[PDB]
Amino acid sequence: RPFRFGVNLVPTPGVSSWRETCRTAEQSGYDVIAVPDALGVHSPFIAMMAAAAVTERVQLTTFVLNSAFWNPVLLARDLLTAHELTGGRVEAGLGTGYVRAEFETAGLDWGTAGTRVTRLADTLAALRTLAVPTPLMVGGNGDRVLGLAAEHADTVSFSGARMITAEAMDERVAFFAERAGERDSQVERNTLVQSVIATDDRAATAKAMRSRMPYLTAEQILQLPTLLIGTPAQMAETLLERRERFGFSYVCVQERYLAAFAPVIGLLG
Amino acid sequence: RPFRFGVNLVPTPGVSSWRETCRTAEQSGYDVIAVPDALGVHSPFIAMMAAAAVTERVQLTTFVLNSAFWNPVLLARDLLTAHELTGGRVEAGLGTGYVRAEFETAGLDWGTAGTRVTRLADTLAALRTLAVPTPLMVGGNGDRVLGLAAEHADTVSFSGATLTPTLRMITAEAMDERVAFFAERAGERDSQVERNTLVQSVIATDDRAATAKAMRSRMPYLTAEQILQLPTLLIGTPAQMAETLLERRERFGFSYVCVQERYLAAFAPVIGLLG
Ligand SMILES: C[C@H](OP(=O)(O)OC[C@@H](O)[C@@H](O)[C@@H](O)Cn1c2nc(=O)[nH]c(=O)c-2cc2ccc(O)cc21)C(=O)N[C@@H](CCC(=O)N[C@@H](CCC(=O)O)C(=O)O)C(=O)O
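Residues numbered from 1 in each chain as written, not as in the entry; some residues may be left out. Chains lettered and ligands numbered in written order. Heavy atoms only, no water. Residues with missing side-chain atoms left out of burial classes, pairs and counts.

Per the deposition metadata, X-ray crystallography was the technique used to determine this entry, at a resolution of 1.80 Å.

## Details of the overall build of chain A
Across its full length, chain A carries 11 helices and 10 strands. Reported as C-alpha extents along the three principal axes, the dimensions of chain A are approximately 50 × 40 × 40 Å. (Helix = DSSP H or I, 4+ residues; strand = E, 2+ residues; numbered from the N terminus.)

## Details of the site of the ligand
Residue and element names in this part refer to chain B. In the region of the ligand, 19 residues are neighbours, and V64, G97, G139, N141 and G142 sit closest. Contact between the ligand and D37: a nitrogen atom at 3.2 Å from a main-chain N or O atom of the residue. Protein chains bury 61% of the 1000 Å² of accessible surface belonging to the ligand in isolation. The element contributing the most residues to the shell around the ligand is strand β3 (residues 59-66), with three residues. Looking at the shell around the ligand, its residues break down into seven nonpolar, 11 polar and one charged. (Near = heavy atom within 4 Å. Polar contact = N/O pair within 3.5 Å; in protein donor to acceptor, adjacent residues only side chain to side chain. Areas by Shrake-Rupley, 256 points an atom, 1.4 Å probe, with all protein chains shown as cover. Nonpolar A, V, L, I, M, F, W, Y, C, P; charged D, E, K, R; others polar.)

## Side note on the interface of chain A and chain B
Listed per partner, the contact involves 14 residues of chain A and 13 residues of chain B. Of the roughly 950 Å² buried between chain A and chain B on both sides combined, carbon and sulfur atoms contribute 54%. On the chain A side of the contact with chain B, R23(A), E237(A) and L267(A) bury the most area, a combined 44% of that side's loss. Our enumeration of links across chain A and chain B arrives at one salt bridge. Between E237(A) and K213(B) there is a salt bridge, and its shortest N-O distance comes to 3.7 Å. The set of elements that each furnish at least two residues to the side of chain A that touches chain B consists of α1 (18-27), α10 (232-246) and α11 (258-268) of chain A. Looking at the side of chain A that touches chain B residue by residue, the classes come out as seven nonpolar, four polar and three charged. (Contact = heavy atoms within 4.5 Å. Buried area = accessible area lost by both parts, 1.4 Å probe. Salt bridge = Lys/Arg side-chain N within 4 Å of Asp/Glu carboxyl O.)

## Section: the pattern of salt bridges
One pass over the structure, following the stated rule, counts 20 salt bridges over all chains. In this structure, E188(A) engages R4(A) in a salt bridge whose closest nitrogen and oxygen atoms are separated by 2.8 Å. Classification of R4(A) by relative accessible area gives buried; the value is 16%. Of the charged contacts, one joins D143(B) and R178(B) as a salt bridge, the two residues approaching to 2.9 Å between their closest N and O atoms. Residue classification places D143(B) among the partly exposed residues on the basis of a relative accessible area of 44%. What makes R178(B) buried here is its relative accessible area of 11%. (Buried < 20%, exposed > 50% of the residue type's maximum accessible area, 1.4 Å probe, protein only.)

## Observations regarding the environment of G93(B)
Residues and elements named next belong to chain B. Summarising the element assignment, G93 is placed in strand β4 (residues 90-95). Remark: the alpha-carbon pair of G93 and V64, spanning 29 residues in sequence, is separated by 4.6 Å. Ignoring sequence-local partners within four residues, the contact set of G93 consists of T61, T62, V64, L65 and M137.

## So, the packing of aromatic side chains
Residue and element names in this part refer to chain B. In the structure shown here, the tally under the stated rule is 16 aromatic pairs over all chains. Centroid distance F158 to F182: 5.8 Å. Interplanar angle 90 degrees. Geometry classified as edge-to-face. According to the relative accessible area criterion, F158 is buried, its value standing at 1%. Over the ring of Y221 we find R168; its NZ or CZ atom is 3.8 Å from the centre of that ring. (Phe/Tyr/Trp six-rings, centres within 6.5 Å; stacked < 30°, edge-to-face > 60°. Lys NZ or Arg CZ within 6 Å of the ring centre and 35° of its normal.)

## Some words on empty space enclosed by the protein
Its boundaries defined by the atoms lining it, the largest cavity holds a volume of some 40 Å³. Around the largest cavity, the lining residues are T197(B), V199(B), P231(B), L245(B), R248(B), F254(B) and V257(B). Breaking the lining of the largest cavity down by element, the ones donating at least two residues are β9 (194-199) and α10 (238-252) of chain B. Split by residue class, the lining of the largest cavity holds five nonpolar, one polar and one charged. In terms of lining residues, the second largest cavity is bounded by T191(A), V193(A), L239(A), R242(A), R243(A), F248(A) and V251(A). Broken down by secondary-structure element, the contributors of at least two residues to the lining of the second largest cavity are β7 (188-193) and α10 of chain A. Looking at the lining of the second largest cavity, the element that brings in the most residues is α10(A), giving three residues. (1 Å grid on protein atoms, 1.4 Å probe; cavity = no way out; pocket = protein on both sides within 12 Å on 5 of 7 lines; lining within 4 Å. Points joined across faces, edges and corners; volume = space filled by probe spheres on them.)

## Quick notes on the sheet that holds strand β5 (residues 136-139) of chain B
All names here are of chain B. Reading around the circumference, β1-β2-β3-β4-β5-β6-β9-β12 is the order of the eight strands in this closed barrel, with parallel pairing throughout. When the angles between neighbouring strand axes are averaged without regard to direction, this sheet yields 25 degrees. Inspection of the sheet shows β4 paired to β5 by three bridges, in the parallel sense. Looking at the pairing, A92 lines up with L136 of β5. (Pairing = 2+ DSSP bridges. Axes fitted to C-alpha atoms, helices over the stretch in contact; angles between N-to-C directions.)

## Here we look at the sheet that holds β7(A)
All names here are of chain A. With respect to topology, eight strands assemble into a closed barrel ordered β1-β2-β3-β4-β5-β6-β7-β10, the strand pairing being parallel. Across the sheet, the axes of successive neighbouring strands diverge by a mean angle of 25 degrees, strand direction being ignored. Sheet contacts for helix α7 (residues 166-180): β6 (155-158) and β7; angle to β6, the most-contacted strand, approximately 155 degrees.

## Concerning the side chain of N66(A)
All names here are of chain A. In this structure, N66 sits in strand β3 (residues 59-66). Overall, the relative accessible area of 4% leaves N66 in the buried class. If near-sequence neighbours (up to four positions away) are discounted, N66 is found in contact with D37, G95, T96, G97, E102 and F103.

As structure tokens, this is what we get:
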């Protein structure tokens, strides 16, 4: 699948630069602006509408909704509206929600880990039953969640982080592919790269980073799917290898790396 | 011909930086500011006047006008006005138009490729008959369009990409044929017509070979060697890029080179070296 690149922007209360930041993302060549779903951050669909007003090309996605925060029928109302009123530019990433303090603050039942996955499952089933027009992404590495992505999702998002080894990712991607079966080729695979480390000596940088990861070898650090290290050409070759190995074609980076990663889009976008 | 360097800027509604952007282009050493003709973009001659008020040296050009948008007599009025009220600093690039939704939004007939090219031909003939004082550029790679450039234009702009009326980059070998086609049509007038091309990407790198290899992902129909010869791409250090542009002026005759707004700063070092 052809590469698509996203940047995870955080619309922050009291910060007045939202429109400018979204323009910079589009002008820098990103294909997708992604926003989170958290307390203390701007509301995601409202922020996406403000982004749509100052951009023309990028897709706009949640990355990812906390299923505990949304009533499925009312979420389907939101998604239909966001689709129609942006001209079809909205996608919806969903996940389980993992911060207990946010449930407590909002007066929601934390339940059990399995109850929180069932909330995601029930939401996915309802959104498909209501035929929402927005493409759906499912994120999370748990067995059941990956099964739900295999069943319902247009895009599956794998977490790379406690950074996951390339060998551990092999096992999660293989587990997903077994669940997806004959659907496998119809599901785009996403991951979020947590750090983009520009360096003219990736070998020395990796060896030095054993300071913060003494439990990994330098080769293991250079193979961590959530880290990209080196020059733009090296980073592009790393992403090409990771698309072959893991199937990852939809790659997101964090806001602080927007400019650091942009040269890679010039080679692969 | 001596090199001339342009940057294609997009004057955008709701973005208050137009004057600042135009001054940066001139201060960075560009010879030309180019603006498009599209719905949703600021109106081209009005944006050009705003640019002329804050710059002193650069030429200002359309790059390129959608011929379906303009009545030839009224366009001649605009061109004479722009010429006199800027002191001779305006040039007009013209093309056929190619985005069907813009025709439809403006209530214009998309028609056929034939009718869109005939509209360009009719407009060029009328502008020459009205003796407009602005230099005229004609852009596009179709046989009829390059024939019109050979007949009428002061500058011919060779497109480095095709797209069903997204972009597919054309090889250096195909560009060789397009330049030779134009030259044959131009005949004795060939040497009086400046040749332009737009570079789509300016990629600063210390490993041009590794860069080109990776870029095959975006252009699977090309080899790395072909990527390094694409006229729409500049790859390497500023010195390597300057040497490439010298080689491409000898191979293709390209002396008027434009880059896209995103690469304004990336390309400016090359201007330093070629001057
Ligand atoms: C559409 C284009 O024809 P062209 O003569 O090369 O260019 C015509 C116009 O697009 C051109 O004159 C300009 O108006 C376009 N143009 C702009 N046009 C505008 O209207 N506004 C602009 O601001 C503008 C800017 C601009 C900047 C640079 C540039 O190079 C062109 C620009 C083209 O891609 N032609 C292909 C043919 C494409 C086609 O018809 N079919 C496809 C599919 C084949 C099939 O399925 O049948 C193909 O042959 O590959 C070709 O010659 O090979």
